[PDB]
Amino acid sequence: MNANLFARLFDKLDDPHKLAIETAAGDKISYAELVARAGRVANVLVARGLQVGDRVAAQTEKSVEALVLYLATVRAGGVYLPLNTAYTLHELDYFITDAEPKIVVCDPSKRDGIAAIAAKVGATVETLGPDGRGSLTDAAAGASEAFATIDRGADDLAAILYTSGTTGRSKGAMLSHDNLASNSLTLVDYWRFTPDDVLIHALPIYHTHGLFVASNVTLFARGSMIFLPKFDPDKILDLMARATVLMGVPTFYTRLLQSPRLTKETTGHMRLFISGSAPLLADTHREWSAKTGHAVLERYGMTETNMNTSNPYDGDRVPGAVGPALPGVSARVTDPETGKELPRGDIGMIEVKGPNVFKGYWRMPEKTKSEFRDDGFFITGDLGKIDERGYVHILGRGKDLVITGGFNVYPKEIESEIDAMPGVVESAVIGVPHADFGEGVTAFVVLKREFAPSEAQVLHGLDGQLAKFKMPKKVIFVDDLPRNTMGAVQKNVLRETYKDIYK
Ligand SMILES: Nc1ncnc2c1ncn2[C@@H]1O[C@H](COP(=O)(O)OP(=O)(O)OP(=O)(O)O)[C@@H](O)[C@H]1O
Ligand SMILES: [Mg+2]
């Protein structure tokens with residue numbers, strides 16, 4: 001009856017000695033051992049001033065100790081607030097001032113600088129390094145394992161995750177215990193996770209994917225994970241011989257496809273490859289199936305909504321689509337302006353509703369109101385369509401739409417045309433200010449080493465395929481596209497760098 005996520009996970013534990021986590025060093029941690037670790041750390045949090053509802057902010061390198069801190073925070077009735085490991089002291093100041101955590105956990109090498117920030121809000125600072133050592137660990141070594149998991153209701157907060165910051169300054173999403181439990185429980189069934197599953201976990205844990213989807217699904221299912229610090233293709237390829245699931249982002253798949261070790265034989269023990277967090281291109285899906293014989297399962301979620309849709313485990317996994325709405329989740333497509341639902345197949349704003357959807361943005365009630373329809377649907381900001389079979393197709397972010405000379409131009413279809421050309425690795429299409437057209441469609445293209453065409457050849461190639469209003473006004477060759485630490489393209493970086501090209 002306790003809705004606390006920790007209690008949902010562990011209050012009844014039938015097989016306590018089963019493996020939960022293998023660390024990168026090869027240490028093995030049982031379910032019972034994980035629970036006990038979380039008990040010690042929960043007691044530390046209370047000993048360091050945690051009261052129910054208080055935020056615990058964590059910026060640390062990835063380790064099992066860092067995962068335990070998440071579980072312990074939730075267990076103790078706190079609100080877990082992970083922060084991108086790369087955020088500078090200056091950047092952290094915004095998040096700590098916004099969230100006003102009671103406790104901040106950071107890397108030992110940054111304690112002095114973070115202590116000064118923490119002082120502004122009266123927070124206590126503990127440390128945890130990449131080896132799992134630090135003041136938090138010292139405090140936990142003498143703490144009691146026994147901890148009475150705090151009573152929480154379905155709608156009480158478990159975490160605040162800040163969005164990735166792709167379209168603007170990151171916003172804090174308030175996530176409840178039921179948001180997290182309902183979503184992972186649904187996914188366990190939908191993806192047929194069992195106690196026999198072994199997940200290769202190579203994702204960051206400050207993002208919803210690596211933190212909630214990977215960890216909560218595995219732990220509810222009573223499977224295990226192999227907990228790697230970063231993406232390493234050869235290590236991942238090595239582990240596939242003794243694992244069953246990989247959760248990845250599209251860049252995992254494009255990079256693994258460059259390895260000559262990626263074969264049917266190397267992947268033959270694997271049950272399931274999942275992709276999320278950015279668009280898996282249909283060509284990449286097909287390349288994966290051609291090389292390995294596996295059909296990648298793509299799913300779509302956001303910080304604010306957890307997972308909304310998924311390609312079916314036991315049905316057609318459709319290249320370029322993110323699947324139908326998950327059980328319990330409603331998805332529709334609406335006219336961006338009027339908000340009325342569109343006929344199936346028409347392009348508009350994707351909206352979602354369900355127990356997965358967050359409670360709003362932290363201390364931003366006005367912005368929260370503006371992103372919810374009157375009937376409770378959340379406006380995703382993603383444009384797309386739902387086909388006759390109910391599969392959602394994401395055509396792009398609303399923020400990426402380019403208005404030029406009175407026309408709406410959808411960059412994905414221009415990017416598709418360019419990426420189809422021989423000698424092209426990938427492209428990003430944006431608008432930047434243009435005195436004649438409002439915005440000028442501009443294509444940034446990453447070329448292959450040998451087979452590369454010129455600016456003019458690209459435009460000539462597009463001229464035959466594309467209506468005149470959709471044509472890029474210029475093509476710019478770049479060495480790579482800017483991406484965040486999760487692998488998502490950062491089009492605002494290109495918009496800033498190239499803002500004056502038509503001036
Ligand atoms: N499978 C997918 N296919 C296409 N787009 C995806 C997929 N998964 C995630 N996305 C995109 O990523 C977004 C969610 O990313 P996240 O919550 O990490 O922050 P962000 O939207 O990148 O940053 P911010 O909200 O701060 O601008 C989605 O709204 C969508 O635009
Ligand atoms: Mg977003």
Side-chain angles (χ1 to χ4, degrees), residues 84-87 162-171 203-204 206-210 230-231 247-258 275-285 287-288 296 298-304 319-322 350 380-384 393-402 409-421 423-432 439-448 458 462 470 472 474-499 501:
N84 193 315
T85 311
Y87 282 149
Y162 281 83
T163 59
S164 296
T166 302
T167 66
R169 188 171 60 195
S170 299
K171 307 185 224 52
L203 294 159
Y206 52 78
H207 184 270
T208 187
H209 192 165
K230 351 138 53 152
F231 175 84
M247 288 184 191
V249 299
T251 54
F252 281 29
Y253 293 100
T254 60
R255 280 182 286 176
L256 285 169
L257 280 163
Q258 298 161 17
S275 184
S277 310
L280 183 73
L281 298 178
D283 282 358
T284 310
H285 194 283
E287 195 175 349
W288 196 262
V296 176
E298 185 175 19
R299 89 296 182 283
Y300 157 62
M302 313 167 50
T303 300
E304 300 96 319
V322 295
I350 296 167
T380 64
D382 296 323
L383 303 176
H393 299 247
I394 295 170
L395 306 181
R397 298 176 183 268
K399 289 282 196 126
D400 291 343
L401 188 66
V402 177
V409 177
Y410 289 82
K412 192 168 180 181
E413 66 195 37
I414 304 172
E415 291 164 2
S416 307
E417 293 298 337
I418 296 169
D419 294 358
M421 297 174 178
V424 175
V425 176
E426 65 182 332
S427 67
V429 172
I430 61 158
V432 295
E439 292 229 299
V441 176
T442 310
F444 295 82
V445 184
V446 174
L447 299 168
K448 280 184 207 211
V458 172
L462 291 175
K470 299 188 188 195
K474 104 159 78 232
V475 173
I476 300 166
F477 296 128
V478 292
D479 55 347
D480 54 56
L481 301 180
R483 281 185 157 84
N484 66 16
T485 57
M486 267 294 291
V489 177
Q490 298 296 290
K491 278 168 170 163
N492 277 146
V493 172
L494 297 173
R495 287 176 196 117
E496 181 60 25
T497 299
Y498 296 97
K499 62 185 182 199
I501 60 173

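Sequential numbering from 1 along the given sequence is applied to the chain's residues. The analysis underlying the following values was restricted to heavy atoms, covering all of them including side chains, and did not include hydrogens, waters or symmetry mates.
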Qualifying residues under salt bridge (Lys or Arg N to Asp or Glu O under 4.0 Å), relative to [X], sequence neighbours excluded:
{"X": "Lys491", "value": "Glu415"}
{"X": "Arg483", "value": "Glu426"}
{"X": "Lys412", "value": "none"}
{"X": "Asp283", "value": "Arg286"}

Within a strict 4.5 Å, meaning less than it, do heavy atoms of the [X] and [Y] side chains meet?
{"X": "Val475", "Y": "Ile418", "result": "no"}
{"X": "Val489", "Y": "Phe444", "result": "no"}
{"X": "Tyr498", "Y": "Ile476", "result": "yes"}
{"X": "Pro411", "Y": "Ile430", "result": "no"}
{"X": "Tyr162", "Y": "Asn84", "result": "no"}
{"X": "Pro472", "Y": "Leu462", "result": "yes"}

Kindly compute the distance separating [atom1] ([X]) from [atom2] ([Y]), expressed to the nearest 0.5 Å.
{"X": "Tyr300", "Y": "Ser275", "atom1": "OH", "atom2": "OG", "result": "14.5 Å"}
{"X": "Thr167", "Y": "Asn492", "atom1": "OG1", "atom2": "CG", "result": "7.0 Å"}
{"X": "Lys448", "Y": "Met421", "atom1": "NZ", "atom2": "CE", "result": "14.0 Å"}

Minimal non-hydrogen separation, [X] against [Y], with atom names:
{"X": "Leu481", "Y": "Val478", "result": "CD2-CG2, 4.1 Å"}
{"X": "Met247", "Y": "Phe252", "result": "O-CE2, 4.0 Å"}
{"X": "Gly248", "Y": "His209", "result": "O-CE1, 3.3 Å"}
{"X": "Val429", "Y": "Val441", "result": "CG1-CG1, 3.6 Å"}
{"X": "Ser277", "Y": "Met486", "result": "OG-CE, 3.6 Å"}
{"X": "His207", "Y": "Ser164", "result": "CD2-OG, 3.6 Å"}

Q) Can you name the residues that form a side chain to side chain contact (heavy atoms under 4.5 Å, CB included) with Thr284, not counting sequence neighbours? A)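 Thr284 satisfies side chain to side chain contact (heavy atoms under 4.5 Å, CB included) with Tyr253, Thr254, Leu257, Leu280, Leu281 once adjacent residues are dropped.
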
For the pair [X] (side chain) and [Y] (backbone), establish whether a donor and an acceptor sit closer than 3.5 Å, ignoring hydrogens and angles.
{"X": "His285", "Y": "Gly320", "value": "no"}
{"X": "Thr251", "Y": "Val249", "value": "no"}
{"X": "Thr163", "Y": "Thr303", "value": "no"}

Result block: side-chain N/O donor-acceptor pairs under 3.5 angstrom for residues 393-402, not counting sequence neighbours:
| unit_1 | atom_1 | unit_2 | atom_2 | d |
| --- | --- | --- | --- | --- |
| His393 | NE2 | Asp387 | OD2 | 3.0 |
| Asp400 | OD1 | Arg495 | NH2 | 2.7 |

